[PDB]
């Protein structure tokens, strides 16, 4: 059962880029659901203030990647993916920001990739608005934590 926590430091600088209307598109390191297992990564966007309807949102997508075990694994990928922006306050006062989605084997995002990262990602264009970050302690020590849990 694959779990990866993506640590995005220097977050204030990424927010400043977004405020200055400079694109911010970043990718997590690749991580495996198991060994053997699938290789995946996360893609995060800070949508620009001038974007069409999703301005000032965090977008969060998952991508399949070419992994060492791909020849031994069934395709298309099927399973459940939980994406969470972690609330970094203490346990009694904490509420993470979370979505859970089922992979859709019919989509090209979940077929076996032919290049290092599958260009089709699957996720949330409007995962979390930037202003929602200010309501709880999501940023701590200039770091956002993005957790991805994958079932089968």
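By rigid core we mean the largest C-alpha set that fits within 1.5 Å across both forms. Positions refer to the first chain, counted from 1.
J.: So, in 5 other deposited structures of this protein, taking the root mean square over structures and residues of the Cα distances after a rigid core fit: is 141-149 or 1-9 the more displaced stretch?
T.: Greater root mean square C-alpha distance in 5 other deposited structures of this protein: 1-9.
J.: Output the stretch, either 84-92 or 122-130, that has more C-alpha displacement from this form in 5 other deposited structures of this protein following superposition by the rigid core.
T.: The answer is 84-92, which departs more from the shown form in 5 other deposited structures of this protein.
J.: Using only C-alpha atoms and the B-factors in the entry, which stretch averages higher, 89-97 or 36-44?
T.: Of 36-44 and 89-97, the stretch with the higher C-alpha B-factor average is 89-97.
J.: Give the stretch, out of 49-57 and 27-35, with the larger mean C-alpha temperature factor in the deposited entry.
T.: Looking at the record's C-alpha B-factors, the answer is 49-57.
J.: Compare the C-alpha B factor of residue 16 with those of the other modelled residues in its chain, then answer lowest, middle or highest third.
T.: Its C-alpha B-factor belongs to the middle third of this chain's values.
J.: Can you tell me whether residue 83 has a C-alpha B-factor in the lowest, middle or highest third compared with the other modelled residues of the same chain?
T.: According to the entry, residue 83 has a C-alpha B-factor in the chain's middle third.
J.: By the record's CA B-factor, is residue 63 among the lowest, middle or highest third of residues in the chain?
T.: Lowest third - that is where residue 63 ends up once the chain's C-alpha B-factors are sorted.
J.: Per the entry's values, where does residue 129 land by CA temperature factor relative to the rest of its chain, in the lowest, middle or highest third?
T.: According to the entry, residue 129 has a C-alpha B-factor in the chain's lowest third.
J.: For residue 145, return the chain-relative third of its C-alpha B-factor as stated in the PDB record: lowest, middle or highest.
T.: Tercile = middle for this residue's CA B-factor.
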